[PDB]
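This report concerns only the one structure given below.
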Amino acid sequence: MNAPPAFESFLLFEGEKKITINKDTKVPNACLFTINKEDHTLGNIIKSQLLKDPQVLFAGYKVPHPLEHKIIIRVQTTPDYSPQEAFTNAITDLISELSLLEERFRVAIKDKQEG
Amino acid sequence: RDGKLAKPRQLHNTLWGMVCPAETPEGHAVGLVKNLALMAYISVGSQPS
Amino acid sequence: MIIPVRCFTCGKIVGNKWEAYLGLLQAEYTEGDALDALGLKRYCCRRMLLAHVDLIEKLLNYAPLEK
Amino acid sequence: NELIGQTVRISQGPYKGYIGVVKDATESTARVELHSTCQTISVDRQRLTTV
Amino acid sequence: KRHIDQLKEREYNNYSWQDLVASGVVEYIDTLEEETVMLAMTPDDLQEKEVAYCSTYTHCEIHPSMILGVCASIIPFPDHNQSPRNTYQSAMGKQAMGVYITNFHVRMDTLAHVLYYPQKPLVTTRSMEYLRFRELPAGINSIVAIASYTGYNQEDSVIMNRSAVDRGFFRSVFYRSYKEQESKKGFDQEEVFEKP
Amino acid sequence: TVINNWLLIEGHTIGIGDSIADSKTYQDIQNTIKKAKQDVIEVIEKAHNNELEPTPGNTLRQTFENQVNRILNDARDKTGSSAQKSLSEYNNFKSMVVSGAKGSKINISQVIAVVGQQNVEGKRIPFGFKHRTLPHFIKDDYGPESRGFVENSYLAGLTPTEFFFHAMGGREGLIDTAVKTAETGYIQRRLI
Amino acid sequence: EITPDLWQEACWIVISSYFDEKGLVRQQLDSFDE
Amino acid sequence: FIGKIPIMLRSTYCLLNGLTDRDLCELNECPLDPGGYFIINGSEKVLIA
Amino acid sequence: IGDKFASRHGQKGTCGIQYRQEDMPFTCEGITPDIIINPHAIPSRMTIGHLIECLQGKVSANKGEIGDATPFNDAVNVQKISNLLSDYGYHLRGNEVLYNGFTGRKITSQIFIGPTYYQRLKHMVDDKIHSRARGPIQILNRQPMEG
Amino acid sequence: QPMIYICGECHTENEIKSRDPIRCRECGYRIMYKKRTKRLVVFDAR
Amino acid sequence: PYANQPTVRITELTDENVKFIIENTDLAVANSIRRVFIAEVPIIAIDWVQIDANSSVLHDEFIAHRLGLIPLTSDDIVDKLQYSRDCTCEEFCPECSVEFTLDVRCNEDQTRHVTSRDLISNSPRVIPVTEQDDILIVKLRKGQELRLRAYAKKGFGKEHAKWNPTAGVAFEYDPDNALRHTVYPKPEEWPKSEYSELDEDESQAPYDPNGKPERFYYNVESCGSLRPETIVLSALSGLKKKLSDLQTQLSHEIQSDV
Amino acid sequence: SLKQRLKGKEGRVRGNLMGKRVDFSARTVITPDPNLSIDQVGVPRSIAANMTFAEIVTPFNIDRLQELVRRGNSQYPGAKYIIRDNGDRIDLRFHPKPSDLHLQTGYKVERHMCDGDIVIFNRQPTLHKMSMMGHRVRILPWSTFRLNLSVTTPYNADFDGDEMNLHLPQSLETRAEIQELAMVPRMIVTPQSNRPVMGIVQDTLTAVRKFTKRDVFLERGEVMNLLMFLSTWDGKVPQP
RNA sequence: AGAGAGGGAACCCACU
Ligand SMILES: [Mg+2]
Ligand SMILES: [Zn+2]
Ligand SMILES: [Zn+2]
């Protein structure tokens, strides 16, 4: 009846932005990143990577509601360093380490299957 | 139904083995409507002659 | 009724195990021995066969209405 | 309308491949009673293809 | 022991329950006669010599589990529960979805609730073998976890697994019948089945 | 929100490990039950020989009934206290009771140590049969087990006679709950 | 002889015999039959 | 002919008395059904004791 | 959600939410719960039989036999069940270290887990949900209909 | 124009007419079962 | 300020499961890889079932449900298939679907088992996984039959559980809890993990405050739809693709702000 | 008889004049939700797509209401009734010609209720005034009334098959009246015993009792994860 | 593009 269709978890629609940047006004150098149609399987890694920067003063994420598919990643960085730069560096670092991990997994497969 | 007394509704001692002690409708018919026990059997009666 | 295709928790394919499970039962094995002879380590996959009732065999006794 | 009570097939969009029956229809959109789910959803007439 | 030996081999010796009643081993005691009987609960405790309680037993209970009804017999460990909980489970057990009858495809029942993959309980009683609860069960064995979590199993509610449900977990089917006949009457109103 | 999201990291449960006390506590519980049972039996043997003297204000049968109920209530309280001294600060029953969220000390005592005396209409289990509660007991048996006292706990399980007397108590509770509603609603309507 | 400690499996044999001989609805059927 | 009186199923005067389970399945009646109920206007009735 | 489920001990309750498998917690092995019930439903209702059924269910599903749960047995108490469960590489009292489904950090408490027997009651939420707005009206008085 | 019904116990099929008493030709069995529809059905395998 | 270098050590590789260890990575990365094993790996599963005829004791939607959960061999086709909703075809084509046909009538007194073998594909590569016996779809009495055409399409585990390639993904870090994330009341009663390295005298490892979660142990058991190693490879590729698309939208938003 | 028609609890005086059937009301099962405020109830879409609020067309909302009318009915954001200046009702579920779908200042539009609308939420034994309180509508997908945890105590609703009644104030005046009188923030402290009735319910209570213990310590990442959920946090991480 | 609905009473079982 009122069951949401199964593609509401990951499919966007016309007029929906995948990522929305809202500059926080409570503290300097802080932004809220509203990711639409995602879950913890993105925000958790983004938060963990943003905690590895020595210039990020606050790195958190929350789902407003588990039935509505969106996350908000709050980033506060040190002044002279934009939080958007930290976000776009965290994404690149994650891609780098994941590609390296995939290549090493390929090498491990080649080692195991060929003795 | 809807009687404020309790003696016709309570679990009397002689309900042992003949009628289930736990099963009952828990609405306004507690104890009045009962469920027979498993091995309990109602005597169909014969002639006394 | 009929055996589920997948274990509810895991998704392990258990629908192909039922007939072999019956064969191992009638071959004088214990149910625990038959389960891990079929290769079911997790108990959630073991309850799928250990507690299944093959009710469809009762439903096949009746003559089909359409013919 | 003409589309009312006509078995349609969503040929475009997230619901592609679903067979349904048109309950209501407009110039723009039309409500389709899906044969699979327990739900009636509205799609554009450009996304519908009759059987 | 000879009664048990002749009773295990049923359908061969034709030794039934009525033969044991005729043997003067068991007998039916009603409520009046229970006031004048000394009833042993179990033989392993109440016929061996001890600091004697009465030592004047006349009858012995067959098994205490037979004091329960049909719906209180499907409860695992009902003596470990609280009695109101047993009563509420007796209320709920006549309401669980399941294969209510074997010929449900023929029956035109109104409000037929049947289940996809009913299972026998892993934790069962001996009395379910005689209610035939293992042949027409009602419910599925589920891997439950008793955990505080996100906060949706708060006040008598449960968190379910979406993937398990997508694998046919408790996915039931509800049948509803509709009956209608026409009435041949004195020509003033005449029902007839046709496409209007 | 924030306490639930911390509870995700912490996690809270309840289990059968939270309902089991160590063997020393079980020995204490069984010793207390045996001592109270022997005390009730010796009170009974005093009552039979007319050596029990009546309390001023009531009959001899009730001096006796007051003595028996007093001894059994003391046993219940002592066993409950000795049970609730052995939670080891990680027992989830204690976690819920100390916070006051759900349950009380009585539930812990009944789960671990002893259910206690079962009552019907504020007194013990009456003689439904001819001078006996159940056909398994000898006639005129005013002992603990014959009159409805349950010495087992929900962890160990109840014997069938104790199960039936517990069902009697639960039936009394359900009758109270089912009969209270209409009268309370009518009182509210008249008051409004 | 007697059943010393295999009584636990011996009582359910007689329970099964009772419920195979009588059944669960002997009251209704026997009452209407008489 | 005095009149018609209802019969509860699985009686001694019902059609399916003592029939084997195969015969019951031929009649679209399950052997699991305990009987003891009347069929009045297609409705299954139980006489509560 | 809203569908009414119940145990075999009077432990009823509606479905609060349905998480997918990756969000549901999991043991050291890949086993996730199918149902997660409230720990607070136990202590005041005092259904210890539910916990014992869960423990015996673990023992039965590991041993490969349908467990026995007759009320008055004296051959099966919780200690024997725990001793039988300990042989299959589990904790004595059925507790198992669940890992969190969202963060992955293992839960500090040890969650009691295992198979019970749950019953789906006839009571859905689709059969009970209804709204109304100036619909059909009675004829005796011009008040809305019933039901 | 005639509707094909399956003759209950007979399991055979026969035509029917409007205002026609419901009878089988094999043994006159009174219960007919309507045949499955000819239009297409499509099920999401979820 | 950058990503640590992870490493992989595979302990065993079987046709059912793969068991490996990922060292020098964060906990969230490890948990996400597990969640992408469960959900974000796309496989081929039946989603469009058209019942031409049915006379079995099981009703139509029950049969369609059972056809949904059947695993299909999608080891190399799923990378070539487009998602069905993304294809520009006439609502179905061999580029976003695989056709299956079932046509079984029981003409014998034996109970005829309509198994997974009766599913006949037009693509020789995408066939049901079933040494092991076939997956029982429906049993048939004499006179009963079922004919159907089933289209299988690409999808992943978030959409439905029939697109889940993994039977079970065991995941654990610090098997002797030197981090003390979980706090045992009595650690003597607790059995050791498979990866424990303490002697039987010791219960759990001593606590270290400066430690962090590392050396994650995985046991990825496939259901047969994919080889257990291509599940991991597809999962890593999918997670990288998700992050890349997130970065692309991030770049668009940043360029929009400036 | 007439006296029998009037004298009962099912007659005219109690049964029809005192307690009568009302339009614009919904009844469905409640399931818990801790991710919405105490004065928010999560109503289903099919309920919100059937209960309407009569919003007056003013130049401030004329474009929004015009778009909602253009959507028509069953396009959730849509309306079903558009009421003329002379009280003439025009259906939007039967798709009239686009000519009579204009809006000038003065028309009424019975639009499907959206987020932020005020509803009255009550259980049956209304033994006191906190058993019937006003909530704000939040549109959630599934077909139950998602309401908060701490509102269970005044309602005495334990989610085990409980279904609640949801009334919709039709006028704007009564909407403001409910907002200013019967809001659950304004019904926290009861007059019967000058104490709060909300409290903190079981699981949150146990988790906060374990949370505020002396031996509870939090890592920086866990602290940030927790502080993400504070609505009243000024963005300053406290000194450890 | 043709646009509204009605029954009514009685009695059982549950639901919170
Ligand atoms: Mg309730
Ligand atoms: Zn014929
Ligand atoms: Zn295509």
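Residues in the structure tokens are named by chain (A, B, ... in the order shown) and by number from 1 within that chain; ligands are numbered from 1 in the order shown.
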
Can you check which residues of chain I have any atom within 7 Å of chain F? Use only C-alpha atoms and format it as a PDB file with N, CA, C and O atoms, in the first residue's frame.
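Dumped everything to out_35.pdb:
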```pdb
ATOM      1  N   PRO I  39      14.922  -5.669  24.914  1.00  0.00           N
ATOM      2  CA  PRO I  39      15.335  -6.256  26.199  1.00  0.00           C
ATOM      3  C   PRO I  39      14.401  -5.906  27.344  1.00  0.00           C
ATOM      4  O   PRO I  39      14.310  -6.670  28.312  1.00  0.00           O
ATOM      5  N   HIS I  40      13.698  -4.776  27.262  1.00  0.00           N
ATOM      6  CA  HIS I  40      12.805  -4.349  28.333  1.00  0.00           C
ATOM      7  C   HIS I  40      11.476  -5.089  28.340  1.00  0.00           C
ATOM      8  O   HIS I  40      10.707  -4.932  29.292  1.00  0.00           O
ATOM      9  N   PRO I  43      11.891  -8.179  31.669  1.00  0.00           N
ATOM     10  CA  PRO I  43      11.978  -8.222  33.141  1.00  0.00           C
ATOM     11  C   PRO I  43      10.652  -8.060  33.866  1.00  0.00           C
ATOM     12  O   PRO I  43      10.450  -8.708  34.900  1.00  0.00           O
ATOM     13  N   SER I  44       9.747  -7.216  33.375  1.00  0.00           N
ATOM     14  CA  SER I  44       8.471  -7.032  34.059  1.00  0.00           C
ATOM     15  C   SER I  44       7.454  -8.094  33.667  1.00  0.00           C
ATOM     16  O   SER I  44       6.660  -8.532  34.507  1.00  0.00           O
ATOM     17  N   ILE I  48      10.904 -15.803  31.232  1.00  0.00           N
ATOM     18  CA  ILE I  48      12.189 -16.493  31.207  1.00  0.00           C
ATOM     19  C   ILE I  48      12.122 -17.686  30.265  1.00  0.00           C
ATOM     20  O   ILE I  48      13.141 -18.108  29.700  1.00  0.00           O
ATOM     21  N   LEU I  51      13.692 -16.861  26.977  1.00  0.00           N
ATOM     22  CA  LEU I  51      15.147 -16.981  26.967  1.00  0.00           C
ATOM     23  C   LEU I  51      15.579 -18.439  26.915  1.00  0.00           C
ATOM     24  O   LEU I  51      16.524 -18.795  26.198  1.00  0.00           O
ATOM     25  N   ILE I  52      14.904 -19.298  27.681  1.00  0.00           N
ATOM     26  CA  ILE I  52      15.255 -20.715  27.688  1.00  0.00           C
ATOM     27  C   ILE I  52      14.945 -21.349  26.338  1.00  0.00           C
ATOM     28  O   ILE I  52      15.683 -22.220  25.864  1.00  0.00           O
ATOM     29  N   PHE I  72       7.178 -30.008  32.677  1.00  0.00           N
ATOM     30  CA  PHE I  72       7.617 -30.654  33.913  1.00  0.00           C
ATOM     31  C   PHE I  72       8.469 -31.866  33.539  1.00  0.00           C
ATOM     32  O   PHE I  72       7.966 -32.982  33.398  1.00  0.00           O
ATOM     33  N   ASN I  77      17.207 -28.816  32.475  1.00  0.00           N
ATOM     34  CA  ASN I  77      17.259 -27.511  33.116  1.00  0.00           C
ATOM     35  C   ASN I  77      18.254 -26.636  32.360  1.00  0.00           C
ATOM     36  O   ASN I  77      18.923 -27.085  31.426  1.00  0.00           O
ATOM     37  N   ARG I  93      25.894 -19.120  28.049  1.00  0.00           N
ATOM     38  CA  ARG I  93      24.531 -18.624  28.193  1.00  0.00           C
ATOM     39  C   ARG I  93      24.008 -17.965  26.919  1.00  0.00           C
ATOM     40  O   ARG I  93      23.162 -17.071  26.980  1.00  0.00           O
ATOM     41  N   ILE I 107      29.945  -4.289  19.412  1.00  0.00           N
ATOM     42  CA  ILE I 107      29.122  -3.754  20.488  1.00  0.00           C
ATOM     43  C   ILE I 107      29.742  -4.110  21.833  1.00  0.00           C
ATOM     44  O   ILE I 107      30.167  -5.252  22.056  1.00  0.00           O
ATOM     45  N   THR I 108      29.807  -3.123  22.733  1.00  0.00           N
ATOM     46  CA  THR I 108      30.457  -3.326  24.026  1.00  0.00           C
ATOM     47  C   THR I 108      29.774  -4.432  24.820  1.00  0.00           C
ATOM     48  O   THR I 108      30.438  -5.325  25.362  1.00  0.00           O
ATOM     49  N   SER I 109      28.448  -4.393  24.901  1.00  0.00           N
ATOM     50  CA  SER I 109      27.721  -5.488  25.518  1.00  0.00           C
ATOM     51  C   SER I 109      27.706  -6.695  24.585  1.00  0.00           C
ATOM     52  O   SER I 109      27.925  -6.587  23.377  1.00  0.00           O
ATOM     53  N   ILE I 111      25.420  -9.436  23.038  1.00  0.00           N
ATOM     54  CA  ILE I 111      23.990  -9.534  22.774  1.00  0.00           C
ATOM     55  C   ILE I 111      23.547 -10.987  22.857  1.00  0.00           C
ATOM     56  O   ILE I 111      24.150 -11.872  22.239  1.00  0.00           O
ATOM     57  N   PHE I 112      22.487 -11.235  23.623  1.00  0.00           N
ATOM     58  CA  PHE I 112      21.847 -12.541  23.620  1.00  0.00           C
ATOM     59  C   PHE I 112      21.171 -12.771  22.274  1.00  0.00           C
ATOM     60  O   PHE I 112      20.352 -11.961  21.831  1.00  0.00           O
TER      61      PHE I 112
END
```

Distance filter 9 Å, only C-alpha atoms, chain L against chain E, as a list in words: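 Interface list for chain L against chain E: residues 31, 32, 33, 34, 35, 149, 152, 157, 158, 159, 160, 201, 202, 203, 204 and 207 of chain L.
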
Site check for ligand 2: residues at most 12 Å away, only C-alpha atoms (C1' of nucleotides) and all ligand atoms, as a ChimeraX atom specification: /C:65-67 /J:5-15,22-33

What residues in chain I get the DSSP label strand (DSSP E or B)? Please answer as a PyMOL selection string. chain I and resi 4-6+12-19+26+35-37+67-68+95-96+99+106+111-121+130+137+144

Surrounding residues as a PyMOL selection string, ligand 3, max 10 Å, only C-alpha atoms (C1' of nucleotides) and all ligand atoms: chain K and resi 81-97+153

Let me make sure I understand: among B:40, B:26, B:49, B:34, which one has the smallest atom-to-atom distance to chain M if we use only C-alpha atoms (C1' of nucleotides)?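 Nearest to chain M: B:26.
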
Neighbouring residues of region 25-35 of chain D were defined as those with any atom within 12 Å, considering only C-alpha atoms (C1' of nucleotides); residues of the same chain fewer than 3 positions away were excluded. Please report them as number ranges by chain. A: 1; D: 1-10, 15-22, 38-50; J: 39-45; K: 48-50, 60-61; L: 70-75, 92-98; M: 1

Residues just named, written with C-alpha atoms (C1' of nucleotides) as a PDB file, in the first residue's frame:
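In the end it all went to selection_18.pdb:
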```pdb
ATOM      1  CA  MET A   1       0.000   0.000   0.000  1.00  0.00           C
TER       2      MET A   1
ATOM      3  CA  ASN D   1     -10.512   8.954 -22.006  1.00  0.00           C
ATOM      4  CA  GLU D   2      -9.461   6.309 -24.518  1.00  0.00           C
ATOM      5  CA  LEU D   3      -6.637   4.961 -22.322  1.00  0.00           C
ATOM      6  CA  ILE D   4      -9.017   4.062 -19.466  1.00  0.00           C
ATOM      7  CA  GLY D   5      -9.169   0.316 -18.868  1.00  0.00           C
ATOM      8  CA  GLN D   6      -6.307  -0.479 -21.255  1.00  0.00           C
ATOM      9  CA  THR D   7      -3.451  -2.795 -20.291  1.00  0.00           C
ATOM     10  CA  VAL D   8      -0.286  -0.695 -20.528  1.00  0.00           C
ATOM     11  CA  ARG D   9       3.428  -1.379 -20.127  1.00  0.00           C
ATOM     12  CA  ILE D  10       5.792   1.197 -18.632  1.00  0.00           C
ATOM     13  CA  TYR D  15       9.102   1.305 -13.261  1.00  0.00           C
ATOM     14  CA  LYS D  16      10.090   0.016 -16.707  1.00  0.00           C
ATOM     15  CA  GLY D  17       8.687  -3.382 -17.647  1.00  0.00           C
ATOM     16  CA  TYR D  18       5.642  -3.332 -15.356  1.00  0.00           C
ATOM     17  CA  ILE D  19       2.258  -4.411 -16.729  1.00  0.00           C
ATOM     18  CA  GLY D  20      -0.743  -2.533 -15.374  1.00  0.00           C
ATOM     19  CA  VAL D  21      -4.252  -1.274 -16.073  1.00  0.00           C
ATOM     20  CA  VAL D  22      -4.972   2.438 -16.447  1.00  0.00           C
ATOM     21  CA  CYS D  38      -0.237  -3.771  -4.196  1.00  0.00           C
ATOM     22  CA  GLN D  39       0.059  -0.159  -5.320  1.00  0.00           C
ATOM     23  CA  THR D  40      -1.317   2.177  -7.992  1.00  0.00           C
ATOM     24  CA  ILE D  41       1.198   4.719  -9.300  1.00  0.00           C
ATOM     25  CA  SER D  42       0.967   7.555 -11.821  1.00  0.00           C
ATOM     26  CA  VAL D  43       3.307   7.854 -14.814  1.00  0.00           C
ATOM     27  CA  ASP D  44       3.522  10.018 -17.915  1.00  0.00           C
ATOM     28  CA  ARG D  45       1.666   8.968 -21.051  1.00  0.00           C
ATOM     29  CA  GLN D  46       4.952   9.208 -22.975  1.00  0.00           C
ATOM     30  CA  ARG D  47       6.330   6.381 -20.802  1.00  0.00           C
ATOM     31  CA  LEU D  48       3.382   4.041 -21.450  1.00  0.00           C
ATOM     32  CA  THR D  49       3.109   1.485 -24.248  1.00  0.00           C
ATOM     33  CA  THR D  50      -0.123  -0.440 -24.725  1.00  0.00           C
TER      34      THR D  50
ATOM     35  CA  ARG J  39      -4.858 -11.871 -20.873  1.00  0.00           C
ATOM     36  CA  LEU J  40      -1.224 -11.603 -19.830  1.00  0.00           C
ATOM     37  CA  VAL J  41       0.003 -11.526 -16.239  1.00  0.00           C
ATOM     38  CA  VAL J  42       3.397 -10.120 -15.255  1.00  0.00           C
ATOM     39  CA  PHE J  43       4.886 -10.521 -11.777  1.00  0.00           C
ATOM     40  CA  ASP J  44       7.775  -8.603 -10.308  1.00  0.00           C
ATOM     41  CA  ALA J  45       9.837 -11.442  -8.866  1.00  0.00           C
TER      42      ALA J  45
ATOM     43  CA  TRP K  48      10.185 -10.074 -14.849  1.00  0.00           C
ATOM     44  CA  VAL K  49       8.048 -13.234 -14.678  1.00  0.00           C
ATOM     45  CA  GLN K  50       5.187 -13.712 -17.153  1.00  0.00           C
ATOM     46  CA  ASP K  60       1.478 -17.608  -9.403  1.00  0.00           C
ATOM     47  CA  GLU K  61       3.159 -15.042  -7.153  1.00  0.00           C
TER      48      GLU K  61
ATOM     49  CA  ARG L  70      -2.377  21.965 -11.559  1.00  0.00           C
ATOM     50  CA  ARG L  71      -1.092  18.725 -10.040  1.00  0.00           C
ATOM     51  CA  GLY L  72      -4.692  17.772  -9.314  1.00  0.00           C
ATOM     52  CA  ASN L  73      -5.594  14.869  -7.068  1.00  0.00           C
ATOM     53  CA  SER L  74      -3.439  11.767  -6.481  1.00  0.00           C
ATOM     54  CA  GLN L  75      -0.369  13.790  -7.424  1.00  0.00           C
ATOM     55  CA  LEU L  92     -10.104  17.943  -8.955  1.00  0.00           C
ATOM     56  CA  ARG L  93     -10.344  14.128  -8.931  1.00  0.00           C
ATOM     57  CA  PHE L  94     -12.610  14.130 -12.015  1.00  0.00           C
ATOM     58  CA  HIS L  95     -10.271  16.314 -14.124  1.00  0.00           C
ATOM     59  CA  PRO L  96     -12.372  19.279 -15.312  1.00  0.00           C
ATOM     60  CA  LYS L  97     -11.406  21.475 -18.242  1.00  0.00           C
ATOM     61  CA  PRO L  98      -8.322  23.637 -17.543  1.00  0.00           C
TER      62      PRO L  98
ATOM     63  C1'   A M   1     -16.825  13.278 -21.098  1.00  0.00           C
TER      64        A M   1
END
```
